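Just so it is clear, none of the values below were taken in a lab; they were calculated from the coordinates. Cβ atoms come from the backbone with ideal geometry, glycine included; neighbour counts cover every protein chain shown.
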Amino acid sequence: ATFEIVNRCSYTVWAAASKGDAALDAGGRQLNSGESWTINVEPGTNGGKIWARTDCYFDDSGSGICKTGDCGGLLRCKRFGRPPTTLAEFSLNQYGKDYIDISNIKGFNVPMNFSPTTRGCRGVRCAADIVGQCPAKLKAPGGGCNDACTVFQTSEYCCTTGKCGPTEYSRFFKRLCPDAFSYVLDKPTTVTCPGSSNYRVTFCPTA
């Protein structure tokens, strides 16, 4: 499966691709406005995540800081980015099928469009201006909009035992972005796609 990552945002983003334990292809690249970054994700990839890191600085070695989505300080990510981050989550080749979705479970930082380039399935979009309408407590001082579990650390927001339900802060992400996951046990908006499909992740699709 080939993923094309496009930065349509006016500002520079540092795209990142990782499955938590290892990197996906390069695992991270600076994306100027309008730049497209093509990566090859190995088939059978389970639980891969693509997100955008904003306001990043890096030395020649590749170690630096990001205001949102920093993955241990490295340009090329080996683990998942730190909240808040809009997440494009995909599981490839799962019994002859592919599974994609966009998640606000870890907050929000950049509007995202996750669409398949090949025929078969529909794409997901979370392009609502969540940061502007972000509630006061969920506001991350370094940009973006945090989730509830990151801010408050309670069994209800975090769904530790998988018995939680919707809250104030989950319904906020749900009302702005209906097509994305607001919390762990949210009704699945995951789109099923033909196996071995190709995708495109776009930051700021509407603008």
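Take the range 68-81 and flag every residue that is surrounded by 17 or more Cβ atoms within 10 Å (Cβ to Cβ) and within 18 Å of residue 106 (Cβ to Cβ).
Listed by number, the residues that qualify are 68, 69, 70, 71, 77, 78, 79, 80, 81.
Condition (residue is closer than 18 Å to residue 177 by Cα and touching a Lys or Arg at 6+ places or on another chain (Cβ under 7 Å)) applied to the range 112-121: is it met by at least one residue?
Within the range 112-121, one or more residues are closer than 18 Å to residue 177 by Cα and touching a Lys or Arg at 6+ places or on another chain (Cβ under 7 Å).
Restricting the search to the range 147-198, which residues are crowded, with 21+ Cβ neighbours inside 10 Å, touching a helix residue (DSSP H, G or I) at 6+ places or on another chain (Cβ under 9 Å) and not in a helix (DSSP H, G or I)?
147, 180, 181, 182, 183
Counting only residues that are over 15 Å from the mean Cα position of the chain (by Cα), of a type in the set (D, E, K, R) and assigned to a loop (DSSP other than H, G, I, E, B), how many does the range 38-77 have?
Within the range 38-77, residues that are over 15 Å from the mean Cα position of the chain (by Cα), of a type in the set (D, E, K, R) and assigned to a loop (DSSP other than H, G, I, E, B) number 4.
So, in the range 2-37, how many residues would count as being assigned to a loop (DSSP other than H, G, I, E, B) and on the phi < 0 side of the Ramachandran plot?
13
Please specify each residue of the range 16-50 satisfying the condition of being closer than 20 Å to residue 82 by Cα and touching a residue at least 60 places away in the same chain (Cβ under 8 Å).
Those that are closer than 20 Å to residue 82 by Cα and touching a residue at least 60 places away in the same chain (Cβ under 8 Å): 16, 17, 18, 20, 31, 50.
Given (1) buried (at least 23 other Cβ atoms within 10 Å of the Cβ); (2) out of contact with any helix residue (DSSP H, G or I) (no Cβ under 6 Å at 6 or more places or on another chain); (3) in contact (Cβ under 8 Å) with a residue 40 or more places away in the chain, where does residue 87 come up short, assuming only one miss?
(3)
Looking at the range 134-145 only, could you name the residues that are assigned to a loop (DSSP other than H, G, I, E, B), touching a helix residue (DSSP H, G or I) at 6+ places or on another chain (Cβ under 9 Å) and touching a residue at least 60 places away in the same chain (Cβ under 8 Å)?
140
Quick one: in the range 78-99, of everything that is part of a loop (DSSP other than H, G, I, E, B) and among the hydrophobic types (A, V, I, L, M, F, W, C), which residue is farthest from residue 158 (Cα to Cα)?
92
Out of curiosity, is residue 102 part of a strand (DSSP E or B) and of a type in the set (A, V, I, L, M, F, W, C)?
Judged against the criteria, residue 102 is a match.
For residues that are in a loop (DSSP other than H, G, I, E, B) and in contact with a helix residue (DSSP H, G or I) (Cβ under 8 Å, 6 or more places away or on another chain), scanning just the range 106-133, find the one that is surrounded by the most Cβ atoms within 10 Å (Cβ to Cβ).
107
Only residues that are over 9 Å from the mean Cα position of the chain (by Cα) and among the hydroxyl-bearing types (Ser, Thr, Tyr): list them for the range 84-111, please.
Correct list: 91, 95, 99.
Scan the range 90-104 for residues that are among the acidic types (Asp, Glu) and either surrounded by fewer than 24 Cβ atoms within 10 Å (Cβ to Cβ) or without any contact (Cβ under 8 Å) to a residue 40 or more places away in the chain (or both) and report the count.
Counting residues in the range 90-104 that are among the acidic types (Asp, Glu) and either surrounded by fewer than 24 Cβ atoms within 10 Å (Cβ to Cβ) or without any contact (Cβ under 8 Å) to a residue 40 or more places away in the chain (or both) gives 1.
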